[PDB]
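K.L.:
Protein chains in written order, with full-length UniProt numbering: chain H, 2 to 239; chain G, 1 to 196; chain L, 9 to 241; chain Y, 4 to 233; chain E, 46 to 261; chain W, 29 to 241; chain B, 2 to 236; chain V, 6 to 245; chain R, 2 to 245.
Built from N, CA and C at the ideal position, the CB exists for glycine as well.
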Amino acid sequence: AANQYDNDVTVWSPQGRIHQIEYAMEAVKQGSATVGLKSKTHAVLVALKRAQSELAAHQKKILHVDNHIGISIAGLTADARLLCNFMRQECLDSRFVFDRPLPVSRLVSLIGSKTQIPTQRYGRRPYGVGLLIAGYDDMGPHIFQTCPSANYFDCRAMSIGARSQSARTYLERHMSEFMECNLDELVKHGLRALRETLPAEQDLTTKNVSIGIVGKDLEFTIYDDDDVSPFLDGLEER
Amino acid sequence: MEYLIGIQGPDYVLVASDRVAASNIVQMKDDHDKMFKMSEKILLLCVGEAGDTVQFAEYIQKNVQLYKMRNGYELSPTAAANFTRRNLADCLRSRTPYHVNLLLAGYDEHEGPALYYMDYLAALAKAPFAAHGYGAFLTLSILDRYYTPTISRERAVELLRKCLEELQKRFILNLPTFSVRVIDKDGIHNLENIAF
Amino acid sequence: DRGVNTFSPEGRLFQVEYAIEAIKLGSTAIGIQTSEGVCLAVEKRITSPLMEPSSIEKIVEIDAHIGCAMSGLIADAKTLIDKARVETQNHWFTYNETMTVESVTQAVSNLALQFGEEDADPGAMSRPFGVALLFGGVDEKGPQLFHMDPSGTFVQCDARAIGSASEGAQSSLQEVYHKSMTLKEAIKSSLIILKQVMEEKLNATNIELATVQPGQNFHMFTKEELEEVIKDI
Amino acid sequence: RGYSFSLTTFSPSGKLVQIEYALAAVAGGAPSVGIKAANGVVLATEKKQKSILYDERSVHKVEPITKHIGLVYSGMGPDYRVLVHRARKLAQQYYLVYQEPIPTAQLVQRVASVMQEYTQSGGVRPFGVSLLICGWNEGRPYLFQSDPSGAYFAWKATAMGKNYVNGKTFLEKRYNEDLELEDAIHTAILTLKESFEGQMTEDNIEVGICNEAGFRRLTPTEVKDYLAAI
Amino acid sequence: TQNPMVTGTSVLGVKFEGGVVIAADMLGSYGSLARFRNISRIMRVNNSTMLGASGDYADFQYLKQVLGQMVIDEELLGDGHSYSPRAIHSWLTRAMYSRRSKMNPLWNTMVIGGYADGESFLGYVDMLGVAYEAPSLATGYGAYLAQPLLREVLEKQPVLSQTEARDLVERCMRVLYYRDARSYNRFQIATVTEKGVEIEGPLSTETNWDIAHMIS
Amino acid sequence: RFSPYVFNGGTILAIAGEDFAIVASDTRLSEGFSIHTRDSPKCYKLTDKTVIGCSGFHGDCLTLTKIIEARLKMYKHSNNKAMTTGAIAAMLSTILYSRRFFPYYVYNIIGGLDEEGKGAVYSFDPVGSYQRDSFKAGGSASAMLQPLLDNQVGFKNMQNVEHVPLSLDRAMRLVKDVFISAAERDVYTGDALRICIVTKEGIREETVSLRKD
Amino acid sequence: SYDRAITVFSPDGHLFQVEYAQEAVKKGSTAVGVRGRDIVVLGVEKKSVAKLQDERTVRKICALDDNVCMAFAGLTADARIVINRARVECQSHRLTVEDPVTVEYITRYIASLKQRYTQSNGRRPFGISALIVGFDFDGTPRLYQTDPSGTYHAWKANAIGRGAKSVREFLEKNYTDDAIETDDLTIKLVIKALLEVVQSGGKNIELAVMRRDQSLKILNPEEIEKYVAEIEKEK
Amino acid sequence: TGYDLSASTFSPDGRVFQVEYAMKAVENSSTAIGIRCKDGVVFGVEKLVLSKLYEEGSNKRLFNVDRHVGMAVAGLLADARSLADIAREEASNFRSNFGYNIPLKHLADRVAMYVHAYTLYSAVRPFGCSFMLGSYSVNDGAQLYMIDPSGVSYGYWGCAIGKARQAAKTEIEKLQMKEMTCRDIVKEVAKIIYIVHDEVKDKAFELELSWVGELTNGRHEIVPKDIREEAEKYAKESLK
Amino acid sequence: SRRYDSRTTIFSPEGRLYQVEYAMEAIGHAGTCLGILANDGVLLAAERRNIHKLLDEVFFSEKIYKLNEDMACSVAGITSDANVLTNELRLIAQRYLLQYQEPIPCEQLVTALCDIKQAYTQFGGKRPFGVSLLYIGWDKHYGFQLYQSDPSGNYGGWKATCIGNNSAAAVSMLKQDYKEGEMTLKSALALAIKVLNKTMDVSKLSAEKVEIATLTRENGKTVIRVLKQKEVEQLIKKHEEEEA
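Next comes the structure, spelled out in structure tokens:
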């Protein structure tokens, strides 16, 4: 009676809207904030980890999938782990058969065809998780937002999560010092992009910030609670 | 190459197995008792392939035991015999031929005692006395010479001792002990084991 | 109505945020990771006194060195406790070693948000598992406990409360734990159960406590050990 | 794909709502009479098309089931054609296993068996065709009728389709137990002549008989022949 | 195994400073009958990789349509990323091992070669899945006959110019014309260099039958 | 009708000292009576602390190293922890057994070092039966190298020599002489053994030639 | 192939299909059992009132194999499936370990089965509730009571029928140590407990006893009559 | 009451509303015009670049399928990308199956009946993506087709799908259609795209072109890259 | 879609089953055919559809169905469903023979049919079989016995229970008249035409509008008689005079 578009990944709203796989995009707007970016040489990923408990590992976000194609989940976590067991397993399958590194574009395209099937058929929710995958193939280190609407983006310097639009509007007006700006001064430039999604009072502490580095002549490397402490600078007071 | 024997009396039927569990060259523990306890009054025996005796006939024991402790009364030995003939006969040609040949001693209350017999091809036939194994080939004429259609119990037991002492004398396998059970209208009894 | 695989005008799934409820329903369990073990306790809420209280299994040992503590909709966990122990002995079988706690917790939480109406063969699940639990276990990394959700979200925890006492007992546990075991975390956790008390002064008939210590494998406490502890409070 | 839930269900009164609607869709169908006779039957029906435009030798309503069994309907159009397809297939299963033409009673058993599961079994609506059966089967002829429920009854005469109460009462009046050959055809013609909506054209009726030599349709030169002998 | 399959005999190849050259005769020998003469056994794939075949030719047409379809399919994703001859060698290896693993095996025994970004490549893929890399390869009886002339010069100098390698495989192909029974006169020689894959169609062998008239 | 195995030959050796594991190798893969190549390694660097040797049918050796490599990677970021050595031996035992009825005809030896640091070496039949040792070469000259380092390592059938523990100089000189002896005496010689040697600080890989015939 | 998710979480954590099965066991017979320390004993509501019954096929008292036996309460035709699958897997557990099968294990199989029908796609979890009594290898006359949510409890009275909240509070009142004897005080407690609810045992009650892994004996009108008489005399 | 929301239910006047709701679902997405001429078919797609964060070709909307036919798409890029890759698999099964390189009429009829037969069931939704094809064999002619979410496929000359196809069909109609040699019309495509783009607000019209022609011999290229600085010089024809 | 399903396999909030007790009200619309056992054999006593001439010959009726040599069944409710299931259960009977070479003691058969009919009301989303059919039979184990079942699934030995309408005319009066010890099957016919003589609109109760059928034996094998025409004209004049 009220909203007959509730039995609803088969239906269309009468304007153009599919009415819940954009609402899965709402379901990754609700998730925790993160930011990835790329240089001319190596792409980085930075994530703040929410602590909705006593204290925790704060539901560790950025994930090892790969052999240099790393991801950054936001949204649901079990569905994210299902999607990275898929992405993980067939990335290792391309290690098995072709014996080359699987290129990042075909990776993100075929998961963009794997999360697209339940959007199509009946009674099956979309994979409500916004990946922020990043890896270094033969050319420059790509970075792909993909979405629960199965529509990935070959982006550079993207931020997704809770109030991540402010991190984008910092990061949009600071693209000029990309394609330079080596690792020591790059990840500072990403953390001061992350340090706007916080509620205006809080340090990027060593607890909640977990980052990942991938690129030329280095494996996708996870920096946890201890290893993020050499990345320290700013005020921003933000 | 083992040995199963049975004699149908007027109101009973007695069976006896050879109490030897064999191997390649040696024999294992003697007892291993081949006579599988059915519900109360049925009692089947199984020789043949080492590995289908303990498997098939115990599965038949599961289904008949389930029939009794599912629907009150037990099976008559006719329906148990045709049941296991059906199950062996349709497990025969399909994928894994159960190479066992069964005796099935039993009696119903309101009919006589019955001793059913089948080969490894599950062809069933009643018999007043039946045998199995290679030891069947020499001992069966002694149950031809002396078996009246009406015989008392102790005469049938000492007749069975004639059959086992002949089987002890001529048959080349060391079968020193034999397990004997008389079943009759009070339930499954067990006669003293015959040894040498 | 609407189905199970639909998102709610709040932002979440329907069946998941409904599976966060029926955890307030059910008994309360607590666990404390220490530096030399992890203690679990649950007040299993006996209804009548006409009866036998030592067969309400709410502390279940997955392996010798992983013990879980469920609550909520009880006996819905037995399929995923079965998957926990079958996956445990599969790991020991194929790899000839112990496990972590994030591998059993990794393996169980994959089964949480795995359901649906029209899918593969009808041995699948319809509703999500409405049971929140936490695996107290000791590893070669350290003793630790992993609090699961019905959403498949599992987190590192050192002091976590579930059940109906998920606010007052959690806030009390927030201010009383920092240091280490030294034998008194198990006596300052049933004290939190002593504040929780619903029906009876927490004797050795209505609470089940079990610790996992790195020297031993586990220890499901018997009656005289429990009432040895209750006498000290 | 599929539904796997029955749309035919029980009313709160305690009856099938879809089956009485199926008998309504039968009762709004074209009228058809069937007369069991002492050596053989006659199954007449009424083919009124929209205009005088169509090929009246193209579609049939009398059509046999492969040996000596014809069946005529009243109600839905193509659901009948499905029941002819299934009925011919069941008669040929029976013929390839038992090597005789099927007894009429067993064909009505199996046709009523296939019409039952469409009152169940996954989203399918029941057929809404209460076709009636003929057949010589050895010694004495048979006649039946499979309702869209799945019931069946044998008799001496019936009608169906439009205003079938007048057909059942009128055949109850004019029937004799020895009334056997072409006199049955006569009263069948003057049962369709009762309403017909006008003028009794030979191209708008067709009959089929089971005169101990197989069911056979009647050629249009034979119906008009007895329409000359009215 | 069941029938007189239509075979080839030999695809012999050598790598050189520059690229890699492979050569094979055009022959469709139906079991001691040269039933098919003009029959190319040298597949071109994407511009930095080549492919031969020695055994059954029908299975080579199966492999030329699955290699062809795969390389055009991943060729039209845009984004650069063509197959290095790593991946054709490894995919062909896993295709044949996964093919004999079900006992329905491909019977041809080829050598694929190609010049990658840095250096050349010359890899062998066997009927059974025995796959490796080598400075110089030969298949079939060439592996008995052309292989000594190849791993004699390359043990002396492991550096060849293009004319030395081309003359070398022309001379080895002449030797297989002399000794191998299932060998035909004309042959395709085929070279991949920095500028890509190119195939010289039908060559010939200058035969030397001058020792024939000393037989009595 | 098809004979899906050949014997491509090759002999590989591993020795477990007290902080090392000398995983030797050979090079020449060959069947029938013609050799194919002289470059081919048979010791594969699995992790930084585990090296396999792998001899027998070469294509199935190759696919087996692809499977154990890809499933090592499938482990490593499913638990966020690298493999140990005994766990490699266990899962390779169930990979070799898992296809029993058309078996992996391959003799493989897993060297490497344990958790505490002491070296171990696991030996395998082609269907999977692991024992930790301090020697046991395998695969073509299995019955040739074995009695020497039954004596010069295990010190069996030998009185009071006052046997010392091995080191990276005595066992280093104990691998080259046995492969020049088997280079003389076996047919499936190898021309250049590539000793993947494992240590506590990392891994290096010495190579030296043999009897090239 | 019907795949609609029936047993789904409503709001406030309420799984309505299961509580509808709780009224479905609230609207049955009145089964009752007592763990009497050497014996166990059942009793449910006689029949109605036979008149034209057959007493052989009005059995709320069912036998699993020899020692364990159960008294269902609710819908009386979905129960018989659970009887059959209990007997089948009970024979399978005689196949593997070959024991006088323990009562704990078979009641875990029943509770796990009904919990597996609170999970699968569209099959309406059962409206039954059991009294799994019996013994084990060493006496221990354990009683178990399952639930349509698949929760089994090892309690000692568990009157779980239709008017049995009064019976379980009565049995809470009147079962401490007076029923530790052989059979008479226990069976007197059962027939007193059901004569609280209805009426004389010549038409209504029927019982069953089980003694030390032999002789599952029901009580013909005689037993019930005697019990009633004794109860009346005591009261 | 509520004859909507399921593709297996008609209207009371015969109009399956889940199809026409998918049709407006490509009318709220940008244009992609395709112009046929005697040496091949030239595509041109409007881009509505949201932020500066997306780089050049962040989302491809000129896919290719079989090394000669193209994929100017309009609607949901997930659905369009899905039928793009199964069109790749379809020409894969044709070339593998029949050897001969796929004629485009059969591919448009095949993908057309695929996306049509996908609108007959309540267990699926219709696609939300109009798209067009286009190529020529040496004896085919410059065949292009356009396919709706209804599944109907027509041969066109100058079809245009998207939001501003109400504007875009007029200029393609007034452009001389038949006899010019594709290079000029690549240049002229920018005039259509700059006319139909009627904003300056955060969409940047950063267009993209691809074709098949005698300069290509049955292929596809993003332009090569020089007309992007030559057809960019058709500014001020939309500013005057 | 989940908007379209009737949702048959749902418990009511009162705990009962909506599609099952709607079948119980389907029995009360159409249904007759009581059954009486004796020390001798058992009989059904049945009613046809109406007075409508137009009915040539039934070999057996639409009511009494033969199942073995020693069993038979009668049918209430919806006649389209039960035909199917009785052929279904007939299959069951014969395959017991194929498994056991026994004439299938009838409680096995009733248990099997009630298990599959319970399976249709358990899951599958279909409507339940709207028929409360009943059974008569004999085995060597027990005596002559009749069972009675319903679309819910339970069943029982129901020594004189009728089905269908008028439960009181047919059957509460029977539980004031049946002698449980001895019955003497001729007087069971007399009681059957008593109950059917009270449960009818007409006194014309000959075999135009009645269908009575007995099960007896001679020398061990059972005989199922359908009580041909003139026997009914015998028993209908057995009052001559009064019955109540």
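Does DSSP put G:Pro176 in a helix, in a strand, or in coil?
P.N.:
coil
K.L.:
Please say whether L:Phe229 and L:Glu69 have beta carbons closer to each other than 8 Å?
P.N.:
In this structure, L:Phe229 does not lie closer than 8 Å to L:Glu69 by Cβ.
K.L.:
Could you pull the DSSP bridge partners for L:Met156 from this structure?
P.N.:
L:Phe162
K.L.:
Report the three-state DSSP secondary structure of H:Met180 (helix, strand or coil).
P.N.:
coil
K.L.:
Given that R:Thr33 touches chain B, what residues does it touch there, using C-beta distances under 9 Å?
P.N.:
Those within 9 Å of R:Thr33 in chain B number zero; the least Cβ separation is about 18 Å.
K.L.:
Scan the segment 94-108 of chain H for residues whose Cβ lies nearer than 7 Å to a Cβ of chain E and list them as they occur along the chain.
P.N.:
Answer in chain order: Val98, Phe99, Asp100, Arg101, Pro104, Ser106 and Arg107.
K.L.:
What number of angstroms, rounded off, separates the C-alpha of G:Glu2 from the C-alpha of G:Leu45?
P.N.:
11 Å
K.L.:
Checking 8 Å against the spacing of the C-beta atoms, do Y:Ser77 and Y:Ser124 come in under that value?
P.N.:
no
K.L.:
Measure from the C-beta of V:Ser97 to each C-beta in chain E and report whether the shortest distance is under 8 Å.
P.N.:
Taking Cβ atoms only, chain E reaches closer than 8 Å to V:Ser97, which makes this a yes.
K.L.:
Taking any Cβ of chain B, which residues in the segment 137-156 of chain L have a Cβ under 8 Å from it, in chain order?
P.N.:
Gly138
K.L.:
Could one say the Cβ of Y:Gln123 lies closer than 8 Å to chain R's Cβ atoms, at least one of them?
P.N.:
yes
K.L.:
Show which residues of chain V have a CB atom less than 9 Å away from the CB atom of E:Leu121.
P.N.:
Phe68, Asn69, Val70, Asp71, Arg72, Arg93 and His225
K.L.:
Which one of V:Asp189, V:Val54, V:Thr14 and V:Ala30 has the shortest CA to CA distance from V:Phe210?
P.N.:
V:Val54
K.L.:
So, are the CB atoms of B:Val229 and B:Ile192 less than 8 Å apart?
P.N.:
yes
K.L.:
DSSP has E:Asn230 in a bridge; who is on the other side?
P.N.:
Paired residue(s): none; E:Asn230 is not in a bridge.
K.L.:
Can you name the residues that DSSP bridges to G:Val13?
P.N.:
G:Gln8 and G:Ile183
K.L.:
Does the beta carbon of G:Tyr146 sit closer than 8 Å to a beta carbon anywhere in chain R?
P.N.:
With 8 Å as the cut-off, G:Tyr146 does not count as an interface residue toward chain R.
K.L.:
For E:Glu239, name the three-state secondary structure that DSSP assigns.
P.N.:
coil
K.L.:
DSSP three-state call for Y:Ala232: helix, strand or coil?
P.N.:
coil
K.L.:
Which same chain residues, not among the five before or five after G:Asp119, have their C-beta less than 8 Å away from its C-beta?
P.N.:
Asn101
K.L.:
Tell me whether the segment 116-131 of chain E and the segment 156-170 of chain E touch, counting them as touching only if at least three CB pairs, one residue from each stretch, are closer than 8 Å.
P.N.:
yes
K.L.:
So that I know if they touch, is there some Cβ in chain H lying closer than 8 Å to that of V:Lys183?
P.N.:
no
K.L.:
Using CA atoms only, rank isn't needed, just tell me which of R:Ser13, R:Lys195, R:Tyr23 and R:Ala39 is closest to R:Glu181.
P.N.:
When only C-alpha atoms are compared, the closest one is R:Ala39.
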